[PDB]
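Coordinate inspection notes
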Amino acid sequence: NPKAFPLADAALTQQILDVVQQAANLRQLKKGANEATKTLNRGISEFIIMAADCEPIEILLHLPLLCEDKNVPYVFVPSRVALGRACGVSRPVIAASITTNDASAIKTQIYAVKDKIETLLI
Amino acid sequence: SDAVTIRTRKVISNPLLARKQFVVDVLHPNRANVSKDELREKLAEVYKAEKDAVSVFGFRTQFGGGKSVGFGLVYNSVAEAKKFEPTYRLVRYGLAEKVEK
Amino acid sequence: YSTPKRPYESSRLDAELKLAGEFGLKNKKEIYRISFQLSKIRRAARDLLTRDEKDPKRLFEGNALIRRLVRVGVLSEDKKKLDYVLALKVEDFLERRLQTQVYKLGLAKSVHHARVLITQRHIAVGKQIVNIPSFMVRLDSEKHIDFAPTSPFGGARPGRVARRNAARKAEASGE
Amino acid sequence: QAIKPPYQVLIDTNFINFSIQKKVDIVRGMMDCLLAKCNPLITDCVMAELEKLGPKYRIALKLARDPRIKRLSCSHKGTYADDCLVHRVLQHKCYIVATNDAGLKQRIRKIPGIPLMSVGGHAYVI
Amino acid sequence: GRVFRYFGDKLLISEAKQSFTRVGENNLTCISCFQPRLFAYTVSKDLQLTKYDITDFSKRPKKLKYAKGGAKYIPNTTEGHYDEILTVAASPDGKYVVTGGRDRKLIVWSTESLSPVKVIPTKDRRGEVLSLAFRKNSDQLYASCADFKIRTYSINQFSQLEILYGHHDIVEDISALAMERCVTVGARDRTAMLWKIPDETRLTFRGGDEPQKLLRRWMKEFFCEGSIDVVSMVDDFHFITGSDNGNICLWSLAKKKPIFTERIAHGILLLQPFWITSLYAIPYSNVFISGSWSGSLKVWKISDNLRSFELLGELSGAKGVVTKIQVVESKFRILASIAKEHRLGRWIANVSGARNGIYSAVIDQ
RNA sequence: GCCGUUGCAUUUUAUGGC
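Its PDB header attributes the entry to cryo-EM and lists the resolution as 4.5 Å.

With the PDB entry as reference, chain C is termed 40S ribosomal protein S9-A, source organism Saccharomyces cerevisiae. Listed as the entry title in the PDB record is "Cryo-EM structure of the 90S small subunit pre-ribosome (Mtr4-depleted, Enp1-TAP)". Taken directly from UniProt, the Sequence similarities text for chain C runs: "Belongs to the universal ribosomal protein uS4 family."

The PDB entry annotates chain B as 40S ribosomal protein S24-A of Saccharomyces cerevisiae. Within the UniProt record for chain B, the comment given under Subcellular location is "Cytoplasm".

This is how it looks when you write it as structure tokens:
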């Protein structure tokens, strides 16, 4: 029935958009459910961001099944326009993937976002 | 020769010494430690008196380069430069003989 | 600075080089002096855990000490309860060094390649060229760390060894 | 090595009788030379031993049953403070041993990566 | 100087002359109008600058001269633009007008014969020009740059003065007055900074008010601040900003917090508020004009005590993405650059009346 | 200035599509 769970609140959404902004600054970001599915195959994916205003929505339902197979966190965001904007990118991106790097300059922000997401998934 | 752009601030009319004191700012990107001679030339063309009616000194530059701040002087006449200036600056500018003793 | 209490002790001696292996240092003097400053803070850190709650000493000399740790870029703001201050450790001051932040921000492909790039009149953070590896970035200066206007990899000159390589081509192949 | 504050420490039998007879506290002494928040522990082997020193050492028992100190359990009837700890230090690599008994202390310097203590809260690294 | 022109009541808004011009360009990014006869300058994402005469208020802007570059000018010392031009600004002497964009250069143009009189390399691969603003009655160019910089030039001598650092994302908007100071935003850092050029200091004002506390307001009786899109300077002692959620924030130089914030202005349409895509004030006055792609320029009157502002009204004559607002006077002539998309190359959704051109609106008294 | 449409009859004025 809901099909839009979990959907994030306000300050977590802008927090995620800022983390995606520095992630696009550090080329540690994947753009597209095609690419995101490939990163879920290679096991390099930290977590997955999906949009809620994508028409249709059922093209994006494969990512929770593949993530729950791989035990990977995921949270919906309401805008695909702002989700495109946080990529340093001027046309919308429906879904983005966070890649794995322990040498990442922004790693603590990624662990805090995974703390909020993994808090919300339970 | 990189568009020197000599900037002046702190201009106060001082008629009792017949002068106008002001802080010379020398921006110099891609140019290092220009002169004392060219400075007296290029600030006398906004006051339009003469080169030897212009005194200047000071100038400890910014660290790294690209900015220089000194202290500049302009008078109303040539004879005022011979009376109101120090005796060694006129030798430095060339306007006098240093009687060595 | 201050020397540690025991100079040769097995689990600590190998713990030196795993710090020297990741960060790429040259002297345990540059390790011990970092612990020395962490020593002096931590004694003061335990002083304000004894006194009364909402002491203005615990406020003025506490929170400014807390905010300065946020200001240097070490204490994350979520742990801003003066109880993570005891849970600080050695690598976090090592992590805020100017050498290691170059490698994290692409651009260095090593921690040892970035060490050479500090001492060769390259990368500046503000408009000041920094050539000391321990410059301790203040977290408001991260996305200003960049190649210089001069000193190529930044352009407008290719440099004395690239110009000499250009010089060799003109004299034998050309004239 | 990968050991972080808050530290956890094991108080055996020889420790408390060197604390009171030198008038240095248990918890507040541990915060001194470890320089962080400490989580003390006592096992079932150690506490029931001090019931056998009972009529001469009520002082040590009435300090050990304070809620600053936590309860820890093992399940063997017949084990000691001496031998039960060595199995605890074996299968995990994240405890700190507090003692002064040399007969136990030589069983601690052999397993690498194990922090020791001293006369009552004046610490020493491995 | 302070606010002294009090004429918000004198504006006859309901019968303002509304007109529109279609032009031969796709996605005009900016418009800059000179006042000493009045001129106009337009740049588009079709690589073109076009010069109009607007001295006749009853007429639509007629065409004088136009210049379009091309792919000839690929290198960066070429005297022509080879990508999208993001901003344009005319000099206060009417002699020059400078353009720049994604080609990361600055080309100074002559107003007379429309010739490339100067090309300046920014010398950074991230030194993209975003907003050019001149000091009133001066020639000191303030250049917002995508490598988080502010670069200051002189026009008459074509030199470089100095650079300001400090921001954390791309500096979109900068506004200035006749004194030597400017307001900047960084547009994702969710702050704005005041810049004193000879003092070489900054005063940092902070947005980012959480709507969660506003939910507290929802218990007493919304949308996220994510991007401070525009900034404008009303007087030397106050200014304003425009956001990504309809909030328009009034700011005082003595107030770290917002001295006012207006809630949703151009409205919504889970739900999406419109972006504050344009914001231009009449200098030293109490009147300012905000614009969206929603189709109606909303104009507001500042109170006399500088504490709140009130609705002057709406002008519905301009459908499409308003990118830049110019206001000239003698009467008042309002021009607005309507493009099919947002300035930044951004995506726009389902816009009614997709058209490109210039909005004109004359208000008497 | 690409197309369509209307009043002046197209220059002029207003509107829809790419």
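Now, onward.
1. Remarks on the sheet that holds strand β4 (residues 48–53) of chain E
All names here are of chain E. In space, the four strands of this open sheet follow the order β2-β3-β4-β5, with antiparallel pairing throughout. The open sheet is flanked by β2 (28–34) and β5 (62–68), the only strands paired with a single partner. On average, each strand axis in the sheet is tilted by 20° relative to the strand beside it, whichever way the strands run. Pairing geometry for β4 and β5, over six bridges, is antiparallel. Its bridge partner being in β5, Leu49 is matched across the sheet by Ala67.

2. Brief notes about unusual backbone geometry
Backbone torsion omega between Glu55(A) and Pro56(A) reads -5°, so that peptide bond is classified as cis. Here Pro56(A) lies in the loop between β2 (45–51) and α3 (62–70). In this structure, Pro6(D) follows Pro5(D) across a cis peptide bond, with omega equal to 5°. Tracing the chain through its elements places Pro6(D) in the segment before β1 (7–11). Located in the positive-phi region is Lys109(C), a residue other than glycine, with phi close to 50°. Within the element layout of this structure, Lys109(C) appears in the loop between α5 (98–104) and α6 (112–118). Its relative accessible area of 67% is what places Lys109(C) among the exposed residues. If you check the backbone angles, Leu306(E) has positive phi at about 55° while not being a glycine. Tracing the chain through its elements places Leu306(E) in the loop between β24 (297–302) and β25 (309–315). Overall, the relative accessible area of 14% leaves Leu306(E) in the buried class.

3. A look at the pattern of salt bridges
The full count for this structure, using the stated rule, is 25 salt bridges over all chains. Of the charged contacts in the structure, one is a salt bridge between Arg85(A) and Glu172(E), with a shortest N-O distance of 3.3 Å. Linking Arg85(A) in helix α4 (residues 80–85) with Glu172(E) in the loop between β13 (159–164) and β14 (174–176), this pair reaches from one chain into another. For the pair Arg85(A) and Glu172(E), a shared accessibility class is recorded, and that class is buried. Here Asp25(B) and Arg9(B) are joined by a salt bridge, their closest N and O atoms 2.8 Å apart. A residue pair is termed long-range when its members are at least 10 positions apart, and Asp25(B) in strand β2 (residues 19–27) and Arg9(B) in strand β1 (residues 6–14) qualify at 16 residues. According to the relative accessible area criterion, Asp25(B) is buried, its value standing at 1%. A relative accessible area of 32% means that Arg9(B) is categorised as partly exposed. When salt bridges with common partners are traced through the structure, they connect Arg7(B), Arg9(B) and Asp25(B) into a single cluster.

4. A short note on the interface of chain E and chain A
With 19 residues of chain E in contact, the opposing surface of chain A contributes 17 residues. Summed over both sides, the interface between chain E and chain A buries roughly 1,500 Å², with carbon and sulfur atoms accounting for 49% of that surface. Of all residues in chain E, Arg188(E), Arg346(E) and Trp347(E) bury the most surface against chain A, accounting for 47% of the area lost on that side. The interface formed by chain E and chain A includes one salt bridge. The interface formed by chain E and chain A holds seven residue pairs in polar contact in total. The residue makeup of the side of chain E that touches chain A, split by class, is seven nonpolar, four polar and eight charged.

Conventions and cut-offs
- Residues numbered from 1 in each chain as written, not as in the entry; some residues may be left out.
- Chains lettered and ligands numbered in written order.
- Part of a larger assembly, values for the part shown.
- Heavy atoms only, no water.
- UniProt positions renumbered as here; feature names shortened; annotations may be inferred.
- Pairing = 2+ DSSP bridges.
- Helix = DSSP H or I, 4+ residues; strand = E, 2+ residues; numbered from the N terminus.
- Axes fitted to C-alpha atoms, helices over the stretch in contact; angles between N-to-C directions.
- Buried < 20%, exposed > 50% of the residue type's maximum accessible area, 1.4 Å probe, protein only.
- Salt bridge = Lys/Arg side-chain N within 4 Å of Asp/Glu carboxyl O.
- Contact = heavy atoms within 4.5 Å.
- Buried area = accessible area lost by both parts, 1.4 Å probe.
- Polar contact = N/O pair within 3.5 Å; in protein donor to acceptor, adjacent residues only side chain to side chain.
- Nonpolar A, V, L, I, M, F, W, Y, C, P; charged D, E, K, R; others polar.

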